[PDB]
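The next block is data27.txt, given as compact mmCIF, C-alpha atoms and all ligand atoms.
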# COMPACT_ATOMS: atom_id res chain seq x y z
CA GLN A 127 0.00 0.00 0.00
CA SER A 128 0.95 3.72 -0.55
CA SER A 129 1.67 5.84 2.64
CA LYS A 130 -0.82 8.76 2.03
CA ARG A 131 -3.78 6.70 0.62
CA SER A 132 -3.56 4.03 3.42
CA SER A 133 -3.27 6.56 6.37
CA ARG A 134 -6.54 8.36 5.22
CA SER A 135 -8.75 5.26 4.39
CA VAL A 136 -9.90 4.41 8.02
CA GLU A 137 -12.87 2.87 9.93
CA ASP A 138 -13.60 1.17 13.27
CA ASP A 139 -15.57 -1.99 14.11
CA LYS A 140 -18.72 -1.90 16.37
CA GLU A 141 -16.38 -2.40 19.44
CA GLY A 142 -14.24 0.74 18.72
CA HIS A 143 -11.20 -1.21 17.45
CA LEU A 144 -9.38 0.26 14.45
CA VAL A 145 -10.01 -2.01 11.48
CA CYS A 146 -6.46 -2.72 10.26
CA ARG A 147 -4.25 -5.57 9.02
CA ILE A 148 -0.56 -6.16 8.20
CA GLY A 149 0.31 -3.77 5.25
CA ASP A 150 -1.85 -0.84 6.55
CA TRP A 151 -0.17 2.53 7.42
CA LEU A 152 -0.75 5.21 10.12
CA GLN A 153 0.44 8.92 9.95
CA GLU A 154 1.90 8.42 6.41
CA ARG A 155 4.78 6.92 8.54
CA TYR A 156 4.12 3.53 10.28
CA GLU A 157 3.74 0.34 8.15
CA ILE A 158 2.18 -2.59 10.05
CA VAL A 159 4.38 -5.71 9.51
CA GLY A 160 3.39 -8.02 12.43
CA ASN A 161 1.09 -8.75 15.43
CA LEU A 162 2.62 -8.54 18.94
CA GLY A 163 -0.38 -8.61 21.37
CA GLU A 164 -4.00 -7.55 21.98
CA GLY A 165 -6.37 -7.03 24.97
CA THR A 166 -9.54 -5.10 25.86
CA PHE A 167 -7.39 -1.90 25.61
CA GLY A 168 -6.65 -2.32 21.87
CA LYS A 169 -3.78 -4.01 19.96
CA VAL A 170 0.05 -3.87 19.74
CA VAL A 171 1.54 -4.28 16.26
CA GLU A 172 5.12 -4.32 14.94
CA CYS A 173 5.64 -1.46 12.42
CA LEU A 174 8.43 -0.08 10.21
CA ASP A 175 8.96 3.64 10.98
CA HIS A 176 9.46 4.93 7.39
CA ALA A 177 10.29 8.47 8.81
CA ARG A 178 13.27 6.88 10.76
CA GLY A 179 14.71 4.65 7.96
CA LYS A 180 12.28 1.71 8.49
CA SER A 181 13.47 1.09 12.09
CA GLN A 182 11.19 -1.31 14.02
CA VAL A 183 8.64 -0.17 16.63
CA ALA A 184 5.92 -1.69 18.72
CA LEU A 185 2.83 0.49 18.15
CA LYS A 186 0.04 0.26 20.73
CA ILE A 187 -3.33 1.30 19.17
CA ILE A 188 -5.95 2.03 21.88
CA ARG A 189 -9.66 1.43 21.29
CA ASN A 190 -11.85 4.43 20.36
CA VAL A 191 -13.67 4.22 23.77
CA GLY A 192 -13.60 7.10 26.29
CA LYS A 193 -12.44 5.04 29.30
CA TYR A 194 -9.42 3.54 27.36
CA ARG A 195 -8.59 6.90 25.61
CA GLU A 196 -8.47 8.72 28.99
CA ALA A 197 -6.33 5.89 30.53
CA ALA A 198 -3.98 6.11 27.53
CA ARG A 199 -3.62 9.90 28.01
CA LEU A 200 -2.47 9.26 31.62
CA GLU A 201 -0.09 6.50 30.39
CA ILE A 202 1.48 8.99 27.92
CA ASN A 203 1.96 11.50 30.81
CA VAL A 204 3.90 8.81 32.73
CA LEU A 205 6.06 7.82 29.68
CA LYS A 206 6.81 11.58 29.05
CA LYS A 207 8.05 11.97 32.67
CA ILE A 208 10.29 8.84 32.29
CA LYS A 209 11.71 10.18 28.97
CA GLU A 210 12.24 13.68 30.52
CA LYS A 211 14.21 12.09 33.45
CA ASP A 212 16.29 9.45 31.54
CA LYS A 213 18.27 11.48 28.93
CA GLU A 214 20.93 8.68 28.72
CA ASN A 215 18.15 6.01 28.30
CA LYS A 216 19.85 4.01 31.14
CA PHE A 217 16.86 3.44 33.58
CA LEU A 218 15.43 0.48 31.53
CA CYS A 219 11.81 1.72 31.31
CA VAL A 220 10.51 1.08 27.74
CA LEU A 221 11.42 3.96 25.38
CA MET A 222 8.40 5.78 23.94
CA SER A 223 9.50 7.20 20.52
CA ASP A 224 6.14 8.82 19.48
CA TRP A 225 2.46 9.23 20.46
CA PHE A 226 -0.50 10.60 18.52
CA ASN A 227 -4.30 10.55 18.32
CA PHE A 228 -5.34 8.59 15.15
CA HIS A 229 -9.10 9.23 14.60
CA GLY A 230 -9.74 8.88 18.38
CA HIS A 231 -7.27 5.99 18.81
CA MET A 232 -4.41 7.02 21.09
CA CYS A 233 -1.29 5.38 19.62
CA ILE A 234 2.07 4.98 21.41
CA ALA A 235 5.25 3.92 19.56
CA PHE A 236 7.92 2.04 21.57
CA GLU A 237 11.30 0.49 20.82
CA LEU A 238 10.82 -3.13 19.68
CA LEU A 239 11.91 -5.69 22.32
CA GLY A 240 12.21 -9.50 22.56
CA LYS A 241 10.16 -12.13 24.38
CA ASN A 242 8.83 -11.36 27.87
CA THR A 243 10.38 -13.28 30.78
CA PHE A 244 7.20 -15.37 31.27
CA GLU A 245 7.12 -16.48 27.63
CA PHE A 246 10.87 -17.37 27.80
CA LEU A 247 10.36 -19.45 31.05
CA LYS A 248 7.37 -21.24 29.38
CA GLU A 249 9.50 -22.02 26.23
CA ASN A 250 12.06 -23.51 28.72
CA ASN A 251 9.38 -25.90 30.11
CA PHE A 252 9.35 -23.67 33.29
CA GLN A 253 12.97 -24.69 34.06
CA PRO A 254 14.16 -21.72 36.17
CA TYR A 255 16.65 -19.00 35.28
CA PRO A 256 20.16 -19.78 36.62
CA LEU A 257 21.05 -17.77 39.76
CA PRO A 258 23.43 -15.35 37.92
CA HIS A 259 20.52 -14.52 35.55
CA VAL A 260 18.17 -14.08 38.53
CA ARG A 261 20.77 -11.78 40.11
CA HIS A 262 21.27 -9.60 37.00
CA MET A 263 17.50 -9.32 36.31
CA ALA A 264 16.91 -8.47 40.01
CA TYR A 265 19.59 -5.70 39.85
CA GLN A 266 17.99 -4.27 36.69
CA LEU A 267 14.45 -4.28 38.21
CA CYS A 268 15.69 -2.60 41.44
CA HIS A 269 17.52 0.05 39.30
CA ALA A 270 14.54 0.68 36.96
CA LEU A 271 11.87 0.93 39.70
CA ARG A 272 14.14 2.90 42.08
CA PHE A 273 14.23 5.51 39.25
CA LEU A 274 10.43 5.30 38.85
CA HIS A 275 9.94 5.57 42.66
CA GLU A 276 12.18 8.71 42.85
CA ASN A 277 9.76 10.32 40.31
CA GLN A 278 6.58 9.99 42.54
CA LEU A 279 5.44 6.98 40.45
CA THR A 280 4.32 3.37 41.15
CA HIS A 281 3.98 0.85 38.30
CA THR A 282 1.33 -1.30 40.18
CA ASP A 283 1.34 -4.16 37.63
CA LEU A 284 4.83 -5.68 37.70
CA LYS A 285 4.76 -9.32 36.58
CA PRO A 286 7.03 -11.44 34.38
CA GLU A 287 4.85 -10.74 31.31
CA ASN A 288 5.71 -6.96 31.69
CA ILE A 289 9.51 -7.60 31.78
CA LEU A 290 10.95 -8.14 28.27
CA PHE A 291 14.39 -9.09 27.07
CA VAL A 292 16.03 -6.49 24.76
CA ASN A 293 17.06 -9.57 22.79
CA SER A 294 15.68 -13.03 23.76
CA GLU A 295 18.09 -15.09 21.54
CA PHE A 296 18.91 -18.27 23.56
CA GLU A 297 21.69 -20.83 23.73
CA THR A 298 20.92 -24.53 23.99
CA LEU A 299 22.65 -26.17 27.01
CA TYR A 300 21.31 -29.68 26.18
CA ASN A 301 18.87 -31.27 23.74
CA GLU A 302 18.19 -34.89 24.91
CA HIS A 303 15.78 -37.16 22.88
CA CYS A 306 12.63 -30.44 26.50
CA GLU A 307 15.55 -28.48 24.90
CA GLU A 308 17.22 -26.77 27.95
CA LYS A 309 17.67 -23.05 27.11
CA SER A 310 19.47 -20.02 28.62
CA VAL A 311 18.99 -16.47 27.35
CA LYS A 312 22.30 -15.05 25.99
CA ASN A 313 21.74 -11.40 27.02
CA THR A 314 19.79 -10.90 30.32
CA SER A 315 19.29 -7.09 29.61
CA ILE A 316 15.59 -6.32 30.24
CA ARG A 317 13.12 -3.49 29.96
CA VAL A 318 9.94 -2.78 31.99
CA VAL A 319 6.79 -2.26 29.85
CA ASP A 320 3.08 -1.35 30.25
CA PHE A 321 2.90 1.88 32.31
CA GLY A 322 -0.90 1.77 31.62
CA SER A 323 -1.60 1.33 35.39
CA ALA A 324 1.27 3.56 36.58
CA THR A 325 0.11 6.08 39.20
CA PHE A 326 1.60 9.38 40.38
CA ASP A 327 1.59 10.00 44.17
CA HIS A 328 -1.03 12.83 43.89
CA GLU A 329 -3.42 10.99 41.52
CA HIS A 330 -6.43 8.77 42.25
CA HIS A 331 -5.26 5.32 43.47
CA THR A 332 -7.24 2.38 41.99
CA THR A 333 -8.13 0.23 45.04
CA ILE A 334 -7.35 -3.23 43.66
CA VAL A 335 -4.11 -3.07 41.68
CA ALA A 336 -1.59 -5.69 40.47
CA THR A 337 -2.16 -9.17 39.03
CA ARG A 338 -3.23 -11.72 41.71
CA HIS A 339 0.12 -13.51 42.14
CA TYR A 340 2.15 -10.23 42.51
CA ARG A 341 -0.44 -8.35 44.66
CA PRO A 342 0.66 -7.27 48.20
CA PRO A 343 -1.21 -7.70 51.48
CA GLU A 344 -1.90 -3.91 51.89
CA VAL A 345 -3.84 -4.05 48.57
CA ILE A 346 -5.83 -7.20 49.47
CA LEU A 347 -6.63 -5.63 52.91
CA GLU A 348 -7.42 -2.20 51.31
CA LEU A 349 -5.06 -0.28 53.69
CA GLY A 350 -3.71 2.06 50.97
CA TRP A 351 -0.67 1.45 48.78
CA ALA A 352 2.28 3.36 47.27
CA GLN A 353 5.78 2.42 45.92
CA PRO A 354 6.18 -0.59 48.33
CA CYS A 355 3.47 -2.38 46.24
CA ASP A 356 6.05 -2.68 43.40
CA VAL A 357 8.70 -4.02 45.85
CA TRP A 358 6.38 -6.86 46.87
CA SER A 359 5.71 -7.61 43.17
CA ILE A 360 9.50 -7.77 42.45
CA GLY A 361 9.99 -10.21 45.35
CA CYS A 362 7.30 -12.50 43.94
CA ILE A 363 8.89 -12.17 40.41
CA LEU A 364 12.37 -13.10 41.71
CA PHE A 365 10.95 -16.25 43.43
CA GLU A 366 9.28 -17.24 40.12
CA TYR A 367 12.53 -16.61 38.12
CA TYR A 368 14.42 -18.72 40.67
CA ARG A 369 12.00 -21.69 40.96
CA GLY A 370 10.04 -21.34 37.65
CA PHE A 371 6.63 -21.42 39.48
CA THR A 372 4.65 -18.66 41.22
CA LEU A 373 5.07 -18.10 44.99
CA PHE A 374 1.30 -17.70 45.53
CA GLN A 375 -0.69 -20.10 43.31
CA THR A 376 -4.18 -18.98 44.44
CA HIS A 377 -7.18 -16.97 43.13
CA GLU A 378 -8.93 -16.09 46.40
CA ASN A 379 -8.03 -13.45 49.04
CA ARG A 380 -8.47 -15.44 52.32
CA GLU A 381 -6.41 -18.38 50.96
CA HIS A 382 -3.81 -15.92 49.55
CA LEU A 383 -3.41 -14.30 53.01
CA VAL A 384 -3.16 -17.80 54.62
CA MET A 385 -0.34 -18.74 52.17
CA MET A 386 1.42 -15.44 53.05
CA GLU A 387 1.32 -16.37 56.78
CA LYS A 388 2.52 -20.01 56.12
CA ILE A 389 5.37 -18.82 53.87
CA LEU A 390 6.40 -15.50 55.59
CA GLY A 391 5.13 -15.60 59.23
CA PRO A 392 2.27 -13.86 61.03
CA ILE A 393 0.47 -10.83 59.62
CA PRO A 394 1.17 -7.78 61.86
CA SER A 395 -1.63 -7.22 64.36
CA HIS A 396 -2.13 -3.51 63.34
CA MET A 397 -2.87 -4.47 59.71
CA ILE A 398 -5.71 -6.84 60.83
CA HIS A 399 -7.04 -4.18 63.24
CA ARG A 400 -7.25 -1.57 60.44
CA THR A 401 -8.59 -3.64 57.48
CA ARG A 402 -12.25 -3.35 56.43
CA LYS A 403 -11.83 -6.98 55.20
CA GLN A 404 -12.86 -8.22 58.69
CA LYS A 405 -14.80 -11.25 57.31
CA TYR A 406 -11.42 -13.03 56.63
CA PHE A 407 -10.66 -12.96 60.43
CA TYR A 408 -12.07 -14.22 63.71
CA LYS A 409 -10.59 -13.01 67.06
CA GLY A 410 -7.63 -11.57 65.10
CA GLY A 411 -6.73 -14.83 63.28
CA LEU A 412 -7.34 -15.83 59.62
CA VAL A 413 -10.39 -18.15 59.21
CA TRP A 414 -8.87 -21.38 57.78
CA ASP A 415 -9.86 -25.10 57.85
CA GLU A 416 -6.49 -27.01 57.88
CA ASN A 417 -8.17 -30.44 57.14
CA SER A 418 -10.29 -29.50 54.03
CA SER A 419 -8.83 -30.33 50.51
CA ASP A 420 -7.58 -26.67 50.16
CA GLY A 421 -6.19 -26.93 53.73
CA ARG A 422 -4.16 -30.07 52.67
CA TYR A 423 -2.96 -28.38 49.39
CA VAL A 424 -1.77 -25.34 51.36
CA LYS A 425 -0.32 -27.61 54.16
CA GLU A 426 1.61 -29.76 51.59
CA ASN A 427 2.67 -26.87 49.21
CA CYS A 428 3.13 -23.62 51.22
CA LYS A 429 6.24 -23.94 53.49
CA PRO A 430 8.51 -21.26 55.07
CA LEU A 431 10.26 -19.20 52.31
CA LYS A 432 13.79 -20.53 53.11
CA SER A 433 12.61 -24.13 52.37
CA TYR A 434 12.45 -23.20 48.60
CA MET A 435 16.24 -22.67 48.40
CA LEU A 436 17.77 -25.06 45.87
CA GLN A 437 21.37 -24.66 47.26
CA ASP A 438 22.79 -23.72 50.70
CA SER A 439 25.70 -21.54 49.35
CA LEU A 440 26.15 -17.82 50.15
CA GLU A 441 24.69 -16.47 46.86
CA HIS A 442 21.39 -18.37 47.48
CA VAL A 443 21.25 -17.30 51.12
CA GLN A 444 21.78 -13.66 50.01
CA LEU A 445 19.03 -13.97 47.37
CA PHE A 446 16.55 -15.28 49.98
CA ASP A 447 17.45 -12.49 52.47
CA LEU A 448 16.72 -9.83 49.84
CA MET A 449 13.49 -11.64 48.77
CA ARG A 450 12.36 -11.82 52.46
CA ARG A 451 13.05 -8.02 52.80
CA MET A 452 10.96 -7.48 49.63
CA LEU A 453 8.12 -9.64 51.03
CA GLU A 454 7.73 -7.79 54.40
CA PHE A 455 4.00 -7.69 55.24
CA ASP A 456 4.07 -4.12 56.53
CA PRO A 457 4.74 -1.85 53.51
CA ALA A 458 6.37 0.71 55.91
CA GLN A 459 9.03 -1.92 56.95
CA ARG A 460 9.47 -3.34 53.42
CA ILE A 461 12.91 -2.67 51.87
CA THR A 462 13.07 0.28 49.45
CA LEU A 463 14.71 -0.25 46.07
CA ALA A 464 17.40 2.37 46.92
CA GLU A 465 18.26 0.04 49.93
CA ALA A 466 17.88 -3.14 47.79
CA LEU A 467 20.59 -1.88 45.34
CA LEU A 468 23.09 -1.88 48.31
CA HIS A 469 22.17 -5.45 49.43
CA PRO A 470 25.20 -7.81 49.46
CA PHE A 471 23.35 -10.13 46.97
CA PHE A 472 24.65 -7.68 44.34
CA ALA A 473 28.35 -8.12 45.28
CA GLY A 474 28.02 -11.21 42.88
CA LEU A 475 27.47 -8.95 39.78
CA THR A 476 30.35 -8.24 37.29
CA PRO A 477 31.21 -4.82 35.78
CA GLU A 478 29.32 -5.64 32.45
CA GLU A 479 26.29 -6.46 34.72
CA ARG A 480 26.64 -3.03 36.44
CA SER A 481 26.45 -1.37 32.91
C1 LIG B 1 2.91 -6.76 23.58
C2 LIG B 1 3.84 -6.33 24.62
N1 LIG B 1 4.23 -4.91 24.52
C3 LIG B 1 3.55 -3.89 25.12
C4 LIG B 1 2.33 -3.99 25.75
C5 LIG B 1 1.67 -2.88 26.34
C6 LIG B 1 0.34 -3.11 27.00
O1 LIG B 1 2.15 -1.73 26.34
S1 LIG B 1 4.40 -2.38 24.93
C7 LIG B 1 5.68 -3.17 24.05
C8 LIG B 1 6.84 -2.60 23.52
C9 LIG B 1 7.73 -3.38 22.82
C10 LIG B 1 7.47 -4.72 22.65
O2 LIG B 1 8.34 -5.41 21.85
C11 LIG B 1 8.09 -6.80 21.63
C12 LIG B 1 6.34 -5.31 23.22
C13 LIG B 1 5.43 -4.53 23.91

Translate this structure into structure tokens?
Amino acid sequence: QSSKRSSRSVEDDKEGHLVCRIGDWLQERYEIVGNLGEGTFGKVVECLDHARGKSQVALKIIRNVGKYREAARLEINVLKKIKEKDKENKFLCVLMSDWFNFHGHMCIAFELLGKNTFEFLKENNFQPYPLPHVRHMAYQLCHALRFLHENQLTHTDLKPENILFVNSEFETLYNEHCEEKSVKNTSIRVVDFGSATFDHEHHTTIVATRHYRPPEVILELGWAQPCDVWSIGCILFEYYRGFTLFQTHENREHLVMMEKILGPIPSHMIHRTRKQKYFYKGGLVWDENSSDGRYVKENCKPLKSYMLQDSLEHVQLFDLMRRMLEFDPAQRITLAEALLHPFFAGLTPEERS
């Protein structure tokens, strides 16, 4: 198709999605060449940026629906702040190259990245990342969100699907008659600032994906940057073991697993929560001898039990993870503090770049 003709021939479906396929253009500039993702928000497509010598971008095209348009405007405000504050592009938040309003569709152009860390784990038959990879990805997440936290921002939806490799090319360790895979370059970027909240802005009550959600959110006690620290702790567990720390889809059971894995919920948090129906006389309501009781009993053990090795680097990892999974968000380690944790003495100079 021709740039001008294609960019002006435009229509939406009954749901407010842009009708488009591979080959279509936007802004006499972006040529759609692949599909990367879709949701209720809209769609993400790979494009060639013909105004920047056909360099590759991920273009997010938001639905022509007021709720999603407004949310996208707020997302752009966050991305603009990140860009304003990271002139060397060294804080590892996804680079927004362009944004525009295409017939009511907010569109955001990003640098093109590789597979997300969940997809890579799944392609490795959920065999975990080796500890040095866990350590480098942890360092990068602490560095990226410390920067976001210094700028009165909280991501609120950190999960492995929102952490992408710059380049996900892998090496084969073994291929016996699942092919065992390690990523070559563990450089990552954080994506999807579509839930990211400034300190002064309205806070959505229930944030984060289930498995990465902290106790102060479940208990509706208010949340801020420590929410993201809890998420990171859960992510690092999952990188290290290949399975989620909290495999549950119900609040009371989730809070029970937290107490079995991490120790007792602080008294003051139970006193203050409106979620009183989960408690009786200050203790979580929980039948140990039911089927769910036996699953939790068998599967949810003290955090340290999940160590695969007893050496110093594993002990250091678990100390940092424990500090990231403090119940009380006011006692939870900050990412500025996390960057100084002795776990990160095991990095190399390349890994500090
Ligand atoms: C589809 C994932 N995805 C995004 C998703 C959202 C909701 O923003 S943004 C993004 C940027 C680059 C990329 O490369 C592969 C992927 C990418």

Residues near residue 449 in chain A, cut-off 10 Å, all atoms listed in the file, skip fewer than 6 positions along chain, as number ranges by chain: A: 264, 357-358, 360-365, 431-432, 443, 461, 466

Using only C-alpha atoms and all ligand atoms, what are the residues with an atom within 10 Å of ligand LIG 1 (chain B), set out as an mmCIF file with C-alpha atoms, in the coordinates of the input?
data_model
loop_
_atom_site.group_PDB
_atom_site.id
_atom_site.type_symbol
_atom_site.label_atom_id
_atom_site.label_comp_id
_atom_site.auth_asym_id
_atom_site.auth_seq_id
_atom_site.Cartn_x
_atom_site.Cartn_y
_atom_site.Cartn_z
ATOM 1 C CA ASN A 161 1.090 -8.750 15.430
ATOM 2 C CA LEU A 162 2.620 -8.540 18.940
ATOM 3 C CA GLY A 163 -0.380 -8.610 21.370
ATOM 4 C CA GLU A 164 -4.000 -7.550 21.980
ATOM 5 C CA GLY A 165 -6.370 -7.030 24.970
ATOM 6 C CA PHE A 167 -7.390 -1.900 25.610
ATOM 7 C CA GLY A 168 -6.650 -2.320 21.870
ATOM 8 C CA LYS A 169 -3.780 -4.010 19.960
ATOM 9 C CA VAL A 170 0.050 -3.870 19.740
ATOM 10 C CA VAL A 171 1.540 -4.280 16.260
ATOM 11 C CA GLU A 172 5.120 -4.320 14.940
ATOM 12 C CA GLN A 182 11.190 -1.310 14.020
ATOM 13 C CA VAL A 183 8.640 -0.170 16.630
ATOM 14 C CA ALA A 184 5.920 -1.690 18.720
ATOM 15 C CA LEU A 185 2.830 0.490 18.150
ATOM 16 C CA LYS A 186 0.040 0.260 20.730
ATOM 17 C CA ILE A 187 -3.330 1.300 19.170
ATOM 18 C CA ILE A 188 -5.950 2.030 21.880
ATOM 19 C CA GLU A 201 -0.090 6.500 30.390
ATOM 20 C CA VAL A 220 10.510 1.080 27.740
ATOM 21 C CA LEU A 221 11.420 3.960 25.380
ATOM 22 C CA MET A 222 8.400 5.780 23.940
ATOM 23 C CA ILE A 234 2.070 4.980 21.410
ATOM 24 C CA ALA A 235 5.250 3.920 19.560
ATOM 25 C CA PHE A 236 7.920 2.040 21.570
ATOM 26 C CA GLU A 237 11.300 0.490 20.820
ATOM 27 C CA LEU A 238 10.820 -3.130 19.680
ATOM 28 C CA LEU A 239 11.910 -5.690 22.320
ATOM 29 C CA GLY A 240 12.210 -9.500 22.560
ATOM 30 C CA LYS A 241 10.160 -12.130 24.380
ATOM 31 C CA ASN A 242 8.830 -11.360 27.870
ATOM 32 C CA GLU A 287 4.850 -10.740 31.310
ATOM 33 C CA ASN A 288 5.710 -6.960 31.690
ATOM 34 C CA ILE A 289 9.510 -7.600 31.780
ATOM 35 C CA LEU A 290 10.950 -8.140 28.270
ATOM 36 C CA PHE A 291 14.390 -9.090 27.070
ATOM 37 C CA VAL A 292 16.030 -6.490 24.760
ATOM 38 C CA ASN A 293 17.060 -9.570 22.790
ATOM 39 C CA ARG A 317 13.120 -3.490 29.960
ATOM 40 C CA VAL A 318 9.940 -2.780 31.990
ATOM 41 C CA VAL A 319 6.790 -2.260 29.850
ATOM 42 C CA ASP A 320 3.080 -1.350 30.250
ATOM 43 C CA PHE A 321 2.900 1.880 32.310
ATOM 44 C CA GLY A 322 -0.900 1.770 31.620
ATOM 45 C CA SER A 323 -1.600 1.330 35.390
#

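Candidate residues A:463, A:389, A:192, A:382 were compared for distance to residue 276 in chain A, and the nearest is A:463, using all atoms listed in the file.
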
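We find CA of residue 337 in chain A and CA of residue 212 in chain A to be spaced 27.3 Å apart.
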
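Counting all atoms listed in the file, the residue from A:428, A:412, A:352, A:398 that sits nearest to residue 385 in chain A is A:428.
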
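Here CA of residue 471 in chain A stands at a distance of 17.2 Å from CA of residue 270 in chain A.
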
List every protein, DNA or RNA residue that has an atom no more than 7 Å from (11.8, -29.2, 27.7) in the file's coordinate frame, counting all atoms listed in the file, and report them as an mmCIF file with C-alpha atoms, in the frame of the given file.
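Once written, result-v2.cif looks like this:
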data_model
loop_
_atom_site.group_PDB
_atom_site.id
_atom_site.type_symbol
_atom_site.label_atom_id
_atom_site.label_comp_id
_atom_site.auth_asym_id
_atom_site.auth_seq_id
_atom_site.Cartn_x
_atom_site.Cartn_y
_atom_site.Cartn_z
ATOM 1 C CA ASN A 250 12.060 -23.510 28.720
ATOM 2 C CA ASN A 251 9.380 -25.900 30.110
ATOM 3 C CA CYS A 306 12.630 -30.440 26.500
ATOM 4 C CA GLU A 307 15.550 -28.480 24.900
ATOM 5 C CA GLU A 308 17.220 -26.770 27.950
#

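Using all atoms listed in the file for every distance, the candidate list A:253, A:266, A:375, A:437 yields A:266 as the residue closest to residue 467 in chain A.
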
For CA of residue 219 in chain A and CA of residue 283 in chain A, the interatomic separation in Å (one decimal): 13.6 Å

Exercise: residues within 8 Å of coordinate (5.4, -8.9, 56.3), counting all atoms listed in the file, as a VMD selection string: chain A and resid 390 to 394 453 to 457 459 to 460

Could you save those same residues with C-alpha atoms as a PDB file, in the frame of the given file?
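Here's the written file selection_20.pdb:
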ATOM      1  CA  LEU A 390       6.400 -15.500  55.590  1.00  0.00           C
ATOM      2  CA  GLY A 391       5.130 -15.600  59.230  1.00  0.00           C
ATOM      3  CA  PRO A 392       2.270 -13.860  61.030  1.00  0.00           C
ATOM      4  CA  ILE A 393       0.470 -10.830  59.620  1.00  0.00           C
ATOM      5  CA  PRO A 394       1.170  -7.780  61.860  1.00  0.00           C
ATOM      6  CA  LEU A 453       8.120  -9.640  51.030  1.00  0.00           C
ATOM      7  CA  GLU A 454       7.730  -7.790  54.400  1.00  0.00           C
ATOM      8  CA  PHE A 455       4.000  -7.690  55.240  1.00  0.00           C
ATOM      9  CA  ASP A 456       4.070  -4.120  56.530  1.00  0.00           C
ATOM     10  CA  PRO A 457       4.740  -1.850  53.510  1.00  0.00           C
ATOM     11  CA  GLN A 459       9.030  -1.920  56.950  1.00  0.00           C
ATOM     12  CA  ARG A 460       9.470  -3.340  53.420  1.00  0.00           C
TER      13      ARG A 460
END

Enclose all atoms of range 169-180 of chain A listed in the file in an axis-aligned box, grow every side by 8 Å, and hand back centre and edge lengths in Å to one decimal, as JSON.
{"center_x": 5.5, "center_y": 2.1, "center_z": 13.7, "size_x": 34.5, "size_y": 28.8, "size_z": 28.6}

Proximity to residue 413 in chain A - best of A:380, A:178, A:207, A:309, only C-alpha atoms: A:380

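Between residue 296 in chain A and the candidates A:416, A:249, A:224, A:479, the tightest atom-to-atom separation, counting all atoms listed in the file, involves A:249.
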
Shortest interatomic distance to residue 275 in chain A - which of A:452, A:158, A:475, A:324, counting only C-alpha atoms: A:324

Residue contacts of residue 280 in chain A (8 Å, all atoms listed in the file) excluding same-chain residues fewer than 4 positions away, as number ranges by chain: A: 274-275, 324-327, 352-353, 355-356

Would you kindly return, as a short mmCIF file (atom, residue, chain, number, x, y, z; two decimals) with C-alpha atoms, keeping the file's coordinate frame, each protein, DNA or RNA residue with an atom no farther than 9 Å from any atom of residue 370 in chain A, considering all atoms listed in the file and excluding same-chain residues fewer than 6 positions away?
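Contents of the output file selection.cif:
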data_model
loop_
_atom_site.label_atom_id
_atom_site.label_comp_id
_atom_site.auth_asym_id
_atom_site.auth_seq_id
_atom_site.Cartn_x
_atom_site.Cartn_y
_atom_site.Cartn_z
CA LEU A 247 10.36 -19.45 31.05
CA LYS A 248 7.37 -21.24 29.38
CA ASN A 251 9.38 -25.90 30.11
CA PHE A 252 9.35 -23.67 33.29
CA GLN A 253 12.97 -24.69 34.06
CA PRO A 254 14.16 -21.72 36.17
CA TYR A 255 16.65 -19.00 35.28
#

12 Å contact set for residue 468 in chain A, only C-alpha atoms, chain neighbours under 5 positions out, as a ChimeraX atom specification: /A:265,268-269,272,444,448,461-463,473-475

Test item: residues at most 12 Å from residue 150 in chain A, all atoms listed in the file, excluding those fewer than 3 positions along its chain, as a ChimeraX atom specification: /A:127-136,144-147,153-160,171-174
